[PDB]
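Close look at the chain arrangement
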Amino acid sequence: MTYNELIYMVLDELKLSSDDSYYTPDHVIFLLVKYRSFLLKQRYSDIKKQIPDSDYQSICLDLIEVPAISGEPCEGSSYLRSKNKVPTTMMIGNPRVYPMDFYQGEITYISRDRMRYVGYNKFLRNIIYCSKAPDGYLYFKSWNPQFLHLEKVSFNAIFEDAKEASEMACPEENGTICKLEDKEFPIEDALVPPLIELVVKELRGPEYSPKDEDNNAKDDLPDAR
Amino acid sequence: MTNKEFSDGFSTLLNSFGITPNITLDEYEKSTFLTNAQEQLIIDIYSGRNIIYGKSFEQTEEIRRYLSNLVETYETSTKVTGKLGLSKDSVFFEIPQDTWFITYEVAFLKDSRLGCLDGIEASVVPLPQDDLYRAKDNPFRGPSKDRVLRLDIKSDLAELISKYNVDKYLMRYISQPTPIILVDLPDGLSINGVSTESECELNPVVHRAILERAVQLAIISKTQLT
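- By the naming in the PDB entry, chain B goes by Ring protein 3 gp35 and is assigned to Bacteroides phage crAss001.

- If you check the PDB entry, chain A appears there as Ring protein 2 gp40 from Bacteroides phage crAss001.
- Per UniProt, the comment on chain A under Subcellular location is "Virion".

1. Overview of the overall build of chain B
- Counting its secondary structure elements, chain B contains five helices and seven strands.
- Secondary structure elements of chain B occur, N-terminal to C-terminal, as α-α-α-β-β-β-β-α-β-β-β-α.
- For chain B, the C-alpha radius of gyration of 23 Å lies well beyond 17 Å, the compact-globule estimate for 226 residues.
- For the C-alpha atoms alone, the extent of chain B along its principal axes is close to 80 × 40 × 35 Å.
- Burial statistics for chain B: of 226 residues in total, 40% are counted as buried.
- Here the analysis covers contacts within chain B between residues at least 6 apart in sequence; of these, 62% occur between residues at least 24 apart.
- Distance between charge centres in chain B, computed from 24 positive and 33 negative side chains, equals 9 Å.

2. Description of the overall build of chain A
- Each helix and strand in chain A was counted, giving five helices and seven strands.
- Sequence-ordered secondary structure for chain A, helices as α and strands as β, is α-α-β-β-β-β-α-β-β-β-α-α.
- In terms of overall size, chain A is more extended than a compact globule, its C-alpha atoms giving a radius of gyration of 22 Å where 225 residues would be expected to give roughly 17 Å.
- Considered along the principal axes of its C-alpha atoms, chain A spans approximately 70 × 40 × 40 Å.
- Counting all 225 residues of chain A, 40% fall into the buried class.
- A separation threshold of at least 6 residues defines the contact pool for chain A, and within that pool the share at least 24 residues apart is 65%.
- Surface summary for chain A: the accessible area is close to 13,800 Å², and the carbon and sulfur share equals 50%.

3. Points about the sheet that holds strand β1 (residues 71–76) of chain B
Residues and elements named next belong to chain B.
- Strand order across the open sheet formed by seven strands is β1-β7-β3-β4-β5-β6-β2, with mixed pairing between neighbours. The open sheet is flanked by β1 and β2 (90–94), the only strands paired with a single partner. Between one strand and the next, the sheet's axes are offset by a mean angle of 30 degrees, whatever the strand orientation.
- As judged from the five bridges shared by strand β5 (residues 147–153) and strand β6 (residues 157–161), these two strands associate in the antiparallel manner. In the sheet register, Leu151 faces β6, and the bridge partner there is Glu159.
- Relative to strand β3 (residues 99–109), helix α2 (residues 27–47) is tilted by about 50 degrees, and along the sheet it contacts β3 and β7 (166–175).

4. Details of the pairing of β6 of chain B
All names here are of chain B.
- Judged by how many residues are buried, β6 sits mostly within the fold: five of five residues are covered.
- Both faces of β6 are covered, namely the face carrying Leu157, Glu159 and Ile161 and the face carrying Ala158 and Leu160.
- Relative to β6, β2 is paired through five bridges, and the arrangement is antiparallel. Each residue of the ladder has a partner; that of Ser90, found in β6, is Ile161.
- Here β5 folds back onto β6 in antiparallel fashion, the turn holding three residues, of which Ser155 has a positive phi close to 65 degrees.

5. Focus on the interface of chain A and chain B
- In this assembly, 15 residues from chain A lie in contact with eight residues from chain B.
- Both faces considered, chain A and chain B share a buried interface measuring about 1,100 Å² in area, 47% of it formed by carbon and sulfur atoms.
- In terms of surface lost to chain B, no three residues of chain A exceed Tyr8, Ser17 and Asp19 of chain A, which account for 47% of the buried area on that side.
- Counting across the interface, chain A meets chain B through zero salt bridges.
- The interface formed by chain A and chain B holds eight residue pairs in polar contact in total.
- Per-element tally for the side of chain A that touches chain B: the top contributor is helix α1 (residues 3–14) of chain A, with six residues.
- When the residues that make up the side of chain A that touches chain B are grouped by side-chain class, the tally is six nonpolar, five polar and four charged.

6. Examining the side chain of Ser142 of chain A
Residue and element names in this part refer to chain A.
- One can find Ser142 in the loop between β6 (138–141) and β7 (152–157).
- Taking the relative accessible area as the measure of exposure, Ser142 reaches 11% and is therefore buried.
- Within polar-contact distance, the side chain of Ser142 engages the backbone oxygen of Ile127 at 2.9 Å.
- The contacts of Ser142, once residues within four sequence positions are left out, are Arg125, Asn126, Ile127, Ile128 and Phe147.

7. Digging into the pairing of β6 of chain A
Residue and element names in this part refer to chain A.
- Of the two faces of β6, both are covered, the one formed by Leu138 and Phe140 as well as the one formed by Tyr139 and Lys141.
- Note that strand β2 (residues 79–82) and β6 share two bridges and pair antiparallel. Looking across to β6, one finds that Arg81 is bridged to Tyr139.
- With four bridges joining them, strand β5 (residues 128–132) and β6 adopt antiparallel strand pairing. Note that in β6 the partner of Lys132 across the bridge is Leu138.
- The turn joining β5 and β6, which pair antiparallel and follow one another in sequence, is formed by five residues; a positive phi near 100 degrees is taken by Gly136.

8. What about the nonpolar core?
- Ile7, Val10, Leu32 and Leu195 of chain A are the most contacted members of the largest nonpolar core, which totals 34 residues.
- Elements with a minimum of two residues in this core: α1, α2 (25–43) and α5 (192–207) of chain A.
- Element by element, the count of residues in this core is highest for α2 of chain A, at eight residues.
- Setting aside its immediate chain neighbours within four residues, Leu195 of chain A contacts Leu6, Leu32, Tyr35, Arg36, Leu39, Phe185 and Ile187 of chain A.
- Core analysis: the next-biggest nonpolar cluster, separate from the first, contains 30 residues, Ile63, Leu70, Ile180 and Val206 of chain B among them.

9. Some remarks on the packing of helix α1 (residues 3–14) of chain B against helix α5 (residues 207–222) of chain B
All names here are of chain B.
- Where α1 meets α5, the closest approach of the two axes is 10 Å, and the angle between their N-to-C directions is 50 degrees. The orientation of α1 with respect to α5, classified from their angle, is oblique. Here the hand of the crossing between α1 and α5 comes out right-handed. Residue-level contacts link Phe6, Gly9, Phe10, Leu13 and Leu14 of α1 to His207, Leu211, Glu212, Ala214, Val215, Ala218 and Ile219 of α5.

Quick notes on the rules
- Residues numbered from 1 in each chain as written, not as in the entry; some residues may be left out.
- Chains lettered and ligands numbered in written order.
- Part of a larger assembly, values for the part shown.
- Heavy atoms only, no water.
- UniProt positions renumbered as here; feature names shortened; annotations may be inferred.
- Helix = DSSP H or I, 4+ residues; strand = E, 2+ residues; numbered from the N terminus.
- Rg over C-alpha atoms; globule rule 2.2 N^0.38 Å.
- Buried < 20%, exposed > 50% of the residue type's maximum accessible area, 1.4 Å probe, protein only.
- Contact = heavy atoms within 4.5 Å.
- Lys, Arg positive; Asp, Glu negative; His and termini not counted.
- Charge placed at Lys NZ, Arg CZ, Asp CG, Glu CD.
- Areas by Shrake-Rupley, 256 points an atom, 1.4 Å probe, with all protein chains shown as cover.
- Pairing = 2+ DSSP bridges.
- Axes fitted to C-alpha atoms, helices over the stretch in contact; angles between N-to-C directions.
- Buried area = accessible area lost by both parts, 1.4 Å probe.
- Salt bridge = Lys/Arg side-chain N within 4 Å of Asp/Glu carboxyl O.
- Polar contact = N/O pair within 3.5 Å; in protein donor to acceptor, adjacent residues only side chain to side chain.
- Nonpolar A, V, L, I, M, F, W, Y, C, P; charged D, E, K, R; others polar.
- Core = buried A, V, L, I, M, F, W, Y, C linked by side-chain atoms within 4.5 Å.
- Parallel < 35°, antiparallel > 145°, perpendicular 65-115°, else oblique.
- Left-handed = near helix turned anticlockwise from the far one by under 90°.

Following this line, the structure appears as structure tokens:
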């Protein structure tokens, strides 16, 4: 399913069809993207369960070599990093950075804290490690100077913001899908009816609430105007 | 009832040329009031606003048998070329010019992008202009292989917004009734553009209801200042 189908299901359940409606489809996109992460955490955080393939998305990143701090000699070895800021993954799925082929290569996505201290094991000196720095970029680290030649990776994970990771979606065979509404929403069908129910409950009450409608330099909500 | 019977029964009901006070009308006023009663009655019946029936266009066999003789079906494949619409995939079709209300309305699609669903009979959904912007991208209420959006515009036109090409336009409407003219009118006079005698085309069942409504209209006409 696509963003369009979910959005218009929510709108039609709410009957927000007129262009002169207070709650636009943008409210629907916001609520859908947040309630998706809410439901996924509620279902896949208590105890470890199988996560379907629908909850995931693949972003494609372009890597650039950057200094550790600045251009000094003693400031440590350089890191690669994605050109643009990367979405934050949830901790419920199977995050994986792969070199444009999911079935090959070993690039390990680890925590920020762990990546401070990796590769000291002599047999793990050739493994590329990944983490999202507080800067918001995906930083790469390894002890094997060959890693700095890496130019492109794809990252598959259950990203915490469907909109961000869908905007960073990888080019399809036909070409890029410009409109977000024509892209595919990241959620299993078994979680779609609950998601629609939660969003529709969220906006049902506000839909029929009064407005401060008189232009009279006055607050008109206490009078239910 | 025939025109002679309309006239005679109408005179009898008004007690024309009786000893008590009464009303005598010319055949032209009989035609005027009978036509007004006819159109008012059938509009009220279509809209369901008649208290005596309280029923809509095809909601019972009674109303079916009343307005069965006004429903006409129309086909057209000619598209008006030069017009301004609210969508690139918008085509315009002319209305038969005698329509009052469109009750059934259908479009046939001929597009190579429809696979083996060519000629799919698509329902024409009349949409308000508020809903149009948010219905263009609707995948459940917008244009599709099974949906066409129709908007009324000036010059008696129908803007059909469709995702696929529209070749034909099938429609069923309530038609203009032939007025009730009881006498060939002199030069200059006419009712609904008709000058000669013109018999009611509805069923004989509703002719008497038309008669009593015409009588009440005449009484109101002659007794609205007294």
